[PDB]
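Coordinate analysis (summary)
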Amino acid sequence: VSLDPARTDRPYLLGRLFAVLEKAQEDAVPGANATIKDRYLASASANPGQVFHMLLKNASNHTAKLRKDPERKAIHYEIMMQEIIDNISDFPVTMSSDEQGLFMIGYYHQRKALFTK
Amino acid sequence: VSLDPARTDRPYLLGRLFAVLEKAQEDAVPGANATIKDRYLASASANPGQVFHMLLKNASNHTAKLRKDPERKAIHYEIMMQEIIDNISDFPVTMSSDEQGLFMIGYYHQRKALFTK
Amino acid sequence: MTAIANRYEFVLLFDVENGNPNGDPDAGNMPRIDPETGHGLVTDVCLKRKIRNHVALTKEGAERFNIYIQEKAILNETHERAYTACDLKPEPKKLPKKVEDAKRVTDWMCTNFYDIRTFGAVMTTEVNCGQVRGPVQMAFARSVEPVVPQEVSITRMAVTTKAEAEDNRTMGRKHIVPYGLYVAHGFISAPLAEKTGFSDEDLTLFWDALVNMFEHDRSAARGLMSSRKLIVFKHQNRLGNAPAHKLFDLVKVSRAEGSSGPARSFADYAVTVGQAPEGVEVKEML
Amino acid sequence: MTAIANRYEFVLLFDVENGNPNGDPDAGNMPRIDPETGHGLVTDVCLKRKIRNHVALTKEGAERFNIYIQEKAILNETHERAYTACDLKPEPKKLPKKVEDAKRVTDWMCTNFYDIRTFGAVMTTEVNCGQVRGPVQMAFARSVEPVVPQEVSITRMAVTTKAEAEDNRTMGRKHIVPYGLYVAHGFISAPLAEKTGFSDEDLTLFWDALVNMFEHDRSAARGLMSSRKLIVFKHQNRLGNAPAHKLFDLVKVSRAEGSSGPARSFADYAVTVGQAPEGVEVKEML
Amino acid sequence: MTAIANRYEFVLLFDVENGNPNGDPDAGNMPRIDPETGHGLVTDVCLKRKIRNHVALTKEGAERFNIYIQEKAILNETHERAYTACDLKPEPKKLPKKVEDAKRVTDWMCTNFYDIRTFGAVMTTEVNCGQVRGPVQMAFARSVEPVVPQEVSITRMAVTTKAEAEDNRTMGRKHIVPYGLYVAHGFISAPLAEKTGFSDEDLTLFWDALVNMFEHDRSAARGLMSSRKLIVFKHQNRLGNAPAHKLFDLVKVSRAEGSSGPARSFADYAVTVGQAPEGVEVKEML
């Protein structure tokens, strides 16, 4: 496929993490008018180290809301998050323009994969 | 990039400590509708100095309970906790957002390792 | 209905005990907190809603004291009523061409609706009535110290709909704040009051609503909520004699001596009020 | 339905000896506690369940005193019973299009289900019936001083299932609070009673249930649980004559003189009731 | 009009608590942020509009203190007024050929309208009045530390026209900056003041507007905004005797000893101002 789970580039991994968090929020809370990409994309790409922690808090809450129901995907997203943050030593304080482009590329690559039936 | 036992960065150590506390709790008290992560993750990072110590006494209770039964994990868990505690000079009253992101990174790094093996 | 002649700022102190002061629609129903510092929050919208409820309850929808934002009310029908009262034919999306007609239609509802007269409203819709800024308005309430909400798991011995596994138990959950003392700031402006006709009796009713705001909104989730202090600064001049931030700092709340653990009652705090500047009168309404 | 014509505030004192007043579904069925301080908690839901059980035991399904939430009841089926009584066909998820019909359905539901009439309910399922806030509300019961739950391990002679590992003397456990005195607050609002028909006979039955709440709730999990005091503040007029927190502060519970060790009997506590404001009548049922 | 005879530079410090200092029209309504560092931004036009509002409020349309842009006016009508007051025909899309009259119309515009005289304006339209550069200029305000805008969900218990659930029959959005301390730079040019007539009374009124800019700008979405520091550098001669960047570097902002966690009040920042160069006088009493 197009997604490369072996890239291990910090912008790419952050984009993938953002995509999986958005998918988790979308699953946990259907019908919401705005998704994570609509709200925190600007802040996330501006200073990831300042907002990714709260994004992860919200993702944890969303996964908690999903694990209770007997249909348990929640665990799958949690393992994805373990793997993605495994390769990050620390969040970047700022991301360069090309790094932001790679961030968006990784986000879109991860998002399509999670849409597979 | 993976768990570094020699990171000696206070937010990272706090994240690892929270991960091990959560694992010990879910080992000692199975079937909980709400794990300690869901309940206390945000407060742990926001105000470590106010909530970690009570988590620590609860962890001591869990370690005693687990050690009472013939099975063991909880020796490995309590030695982990003590080792992490020595390096932490003191629990901050409040942490900056970047510090909280590092805390989340450390928590996930520690949590992944506990699953392995 | 002469408008007020002074500029007011006030500070309201209320606290919750084993309750959910304001749920968060996004974070499930967890009480609103600051994700970075952990302090609790209560949107000014919630306090304005409680004031509206108290006004509706105490005045029983008397003349000139109706609530514009009422339960399951249809705002466009209210706009149609206003147009009919003013004897105008509403345009599909637009105010009356003449300024006089637009002013009349806006003023009718600015007069015979209390919440529009006080907090203003945005009324541009398929039936357009304009805008009002409102003289009175409040900021977000913020807890003095971090709050640690606790999820309370509760079970139900009945079931909703028959099914394979459903007569059968089901598991729910509650969110509560063990305790938290919230501070809310507010401002009242004479010019906007002149524009909207905000009268003195309206101000007295507003104070009464603030002091007795929570006494009638008891519910299963809200727990015990009460208002503890209400300091109002009255300026001698219509435009004011001191910056608002200077006045808000006169009221200082801190831990009472001896108390060392997390707060669990209003007795754990000490509240002091300083001396106001020359042109400002300070009243401890509560 | 002649609704009550006053506003009430009551505080209830009950204690548990070598028992589990309310098990925590998360902490392995341990008694609920406030983790930051250790004070025990008993959710208002538990007290409401006990009141419902007492009402069902005493009235035994009278015409107007059925309980809407029972062990062997499917709520949606009960909702369908209301629509047929009102001669309506339930829309799959919405209320009747005509507001009068919806009011009829909700009033019918309140008329014959005592718990809906008292504590209110949420009944917006597929067979929608609306909502009811309920005049009577209660807050979490909180122990006067910290409790120390204990785990007691127990053994069984029998083995549940044939297991080759069998001797398999299974080790069960019970969670026990050596002693704890709990204080529970509550409110009754006349405005909501008027909207549901909460009458004076209902109020007397509620007082009776509070007095005899635990006397028929004996079981293995709970030890000797009993209610000790019940102070009722009846306000003179439809709305309050004093803030609720002021009334609750009158009932001061303090350690009895001559007691220094950990509390182990109600004699270790002394309860004193202060002077109620001029507009409030205080009567002591226990 | 005796124009000012000295060059000025000033630095303004203001902060917002749980507010939205300036929304982004093309990105929902989020507060403007630097797209690479996350620092908040407030456009100069916003501060200029606040100054205009303060002038209009405090002068009530007095003579020579009108405001050009005002609020939902037609500027071409103002240009027609100017032409009529000068006895000229505004028929051509160009300025009058006679340079004297072309200057007379613009001089009338500057004399009558305060914001034209202060900030300048472009009046090249169907009816043309020329251009004015504006003695007073101010750059973008920029927060001293990165801000994290927060989207707050809010509901409404009323519907505009009709809802599909006839459930969250209305869900809104509120953007707030938990805290941010912004720094705004500004310049005042003597030659341009001499061209337009910006006098000393105008400068005093401008200082007053800067100091009390936010005291009457309260709104539901603004939160609590306040002006904290205003340092004014005055040069001894018309053209000035020190580079602007040198002066602004004298005002320094740092966290001081409150480094614990995010900044949430002006007390978390320390402001110090150094000694001005030989020919510059720094007055900070404002």
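Rules used throughout
- Residues numbered from 1 in each chain as written, not as in the entry; some residues may be left out.
- Chains lettered and ligands numbered in written order.
- Part of a larger assembly, values for the part shown.
- Heavy atoms only, no water.
- Helix = DSSP H or I, 4+ residues; strand = E, 2+ residues; numbered from the N terminus.
- Rg over C-alpha atoms; globule rule 2.2 N^0.38 Å.
- Buried < 20%, exposed > 50% of the residue type's maximum accessible area, 1.4 Å probe, protein only.
- Contact = heavy atoms within 4.5 Å.
- Buried area = accessible area lost by both parts, 1.4 Å probe.
- Salt bridge = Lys/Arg side-chain N within 4 Å of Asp/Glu carboxyl O.
- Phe/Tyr/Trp six-rings, centres within 6.5 Å; stacked < 30°, edge-to-face > 60°.
- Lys NZ or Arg CZ within 6 Å of the ring centre and 35° of its normal.
- Expected span 1.5 Å × (residues − 1).
- Arc of directions from axis to C-beta.
- Pairing = 2+ DSSP bridges.
- Polar contact = N/O pair within 3.5 Å; in protein donor to acceptor, adjacent residues only side chain to side chain.
- Disulfide = S-S within 2.5 Å.
- Axes fitted to C-alpha atoms, helices over the stretch in contact; angles between N-to-C directions.
- Parallel < 35°, antiparallel > 145°, perpendicular 65-115°, else oblique.
- Left-handed = near helix turned anticlockwise from the far one by under 90°.

Going by the header, the method for this PDB entry is cryo-EM, and the resolution given is 3.0 Å.

It is worth spelling out the overall build of chain A at this point. Broken down by element type, chain A carries 6 helices and 0 strands. Along chain A, helices and strands appear, N-terminal first, in the series α-α-α-α-α-α. Expected size for 117 residues packed as a compact globule is a radius of gyration near 13 Å; at 14 Å, chain A falls within 12% of this value. Looking at chain A as a whole, 55% of its 117 residues qualify as buried.

Before going further, it helps to examine the interface of chain D and chain C. Counting from both sides, the interface comprises 38 residues of chain D and, opposite them, 33 residues of chain C. Contact between chain D and chain C buries roughly 3,200 Å² in total, counting both sides, with carbon and sulfur atoms accounting for 55%. Put simply, chain D and chain C have 6 salt bridges between them. Where the side of chain D that touches chain C is concerned, the elements lending two or more residues are α1 (44–59), α2 (75–85) and α7 (244–250) of chain D.

With that settled, consider the interface of chain B and chain C. Note: interface size is frequently given as the accessible area lost on complex formation between the parts. In this complex, chain B contributes 10 residues to the contact, which on the side of chain C involves 11 residues. Together chain B and chain C conceal approximately 900 Å² of surface at their shared face, both sides included; 42% is due to carbon and sulfur atoms. Three residues stand out in chain B for area buried against chain C, namely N33, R39 and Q50 of chain B, and they jointly supply 41% of the buried area on that side. Summed over the shared surface of chain B and chain C, the number is 0 salt bridges. Contributing elements (two or more residues each) for the side of chain B that touches chain C: α2 (36–46) and α5 (97–115) of chain B. By residue number, the principal contributor to the side of chain B that touches chain C is α2 of chain B, which donates 3 residues.

Bringing unusual backbone geometry into the picture now. Notably, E60 of chain D is not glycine yet its phi reads approximately 60 degrees, a positive angle. If you trace the backbone, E60 of chain D turns up in the loop between α1 and α2. Notably, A256 of chain E is not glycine yet its phi reads approximately 65 degrees, a positive angle. Its place among the elements puts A256 of chain E in the loop between β10 (251–254) and β11 (270–273). Relative accessible area serves as the criterion here: at 40%, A256 of chain E is assigned to the partly exposed category.

Under the definition given, this model contains 41 aromatic pairs over all chains. A centroid spacing of 5.3 Å and a plane angle of 20 degrees characterise the contact between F52 of chain A and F91 of chain A, whose relative ring orientation is stacked. Residue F52 of chain A is classed as buried on the basis of its relative accessible area of 0%. Taking relative accessible area as the criterion, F91 of chain A reaches 8% and is therefore assigned buried. Here the aromatic rings of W108 of chain E and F113 of chain E are separated by 6.2 Å at their centres, their planes lie at 70 degrees, and the arrangement is edge-to-face. Here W108 of chain E and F113 of chain E have matching classes, each one buried. Pairwise contacts between aromatic rings join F18, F52, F91, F103, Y107 and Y108 of chain B into one cluster. We note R64 of chain C situated over the ring of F65 of chain C; from NZ or CZ to the ring centre the distance is 5.8 Å. It is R255 of chain C that lies over the ring of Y269 of chain C; its NZ or CZ is 5.3 Å from the centre.

This part takes up helix α6 (residues 97–114) of chain A. Residue and element names in this part refer to chain A. With 18 residues, α6 extends 26 Å from end C-alpha to end C-alpha; this agrees with the ideal 26 Å at 1.5 Å per step. Of all the residues in α6, the buried ones are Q100, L102, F103, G106, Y107, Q110 and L114. Along the axis of α6, the buried residues cluster in a sector spanning 155 degrees; they form a single face. Opposite the buried face of α6, at more than 90 degrees from it, the exposed residues are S97, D98 and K112. Where the residues of α6 are buried, they touch α1 (10–28), α2 (36–39), α3 (41–46), α4 (48–67) and α5 (75–86).

Glancing now at helix α2 (residues 75–86) of chain C. Relative to the 16 Å expected for 12 residues at 1.5 Å per residue, α2 of chain C spans 17 Å between its end C-alpha atoms, a close match to the ideal helical length. If you follow the buried residues of α2 of chain C, they end up packed against α3 (99–112) of chain C.

Looking now at the pairing of strand β7 (residues 150–156) of chain C. Residue and element names in this part refer to chain C. Where burial is concerned, most of β7 is hidden: 5 out of the 7 residues are buried. Note: β7 against strand β8 (residues 170–188), 7 bridges, orientation antiparallel. Looking across to β8, one finds that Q150 is bridged to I176.

Residue and element names in this part refer to chain E. Note that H235 resides in strand β9 (residues 224–235). The exposure class of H235 is buried, given its relative accessible area of 0%. Along the primary structure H235 and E281 are separated by 46 residues, whereas in three dimensions their C-alpha atoms are 6.4 Å apart. Among residues more than four places away in sequence, those in contact with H235 are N6, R7, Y8, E9, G240, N241, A242, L247, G279 and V280. Side chain to side chain, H235 and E9 meet in a polar contact 2.6 Å long.

What follows is about the pattern of salt bridges. Proximity of charged atoms lets side chains of opposite charge pair with each other. This model, assessed by the stated rule, comprises 74 salt bridges over all chains. A salt bridge links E215 of chain D to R218 of chain D, with the nearest nitrogen and oxygen atoms 3.4 Å apart. Relative accessible area serves as the criterion here: at 41%, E215 of chain D is assigned to the partly exposed category. A salt bridge links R7 of chain E to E9 of chain E, with the nearest nitrogen and oxygen atoms 2.6 Å apart. In this structure, a network of salt bridges that share partners links the residues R7 and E9 of chain C together with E215 and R218 of chain E.

Turning next to the state of the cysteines. Residues and elements named next belong to chain E. Overall, the coordinates contain 0 disulfides over all chains when judged by the stated rule. The thiol of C86 is unpaired, and the distance to the nearest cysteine sulfur, on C129, comes to 8.3 Å. Given a relative accessible area of 6%, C86 falls into the buried group.

On to the packing of α5 of chain A against α5 of chain B, then. The relative placement of two packed helices comes down to the angle between their axes together with the axis-to-axis distance. Between α5 of chain A and α5 of chain B, whose axes approach to 9 Å, the crossing angle comes to 115 degrees. Between α5 of chain A and α5 of chain B, the angle falls in the class roughly perpendicular. Judged by the sense of rotation from one axis to the other, the crossing of α5 of chain A with α5 of chain B is left-handed. Residues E78, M81, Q82, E83, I85 and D86 of chain A of α5 of chain A form the contact with α5 of chain B, whose own contacting residues are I105, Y108, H109, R111, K112 and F115 of chain B.

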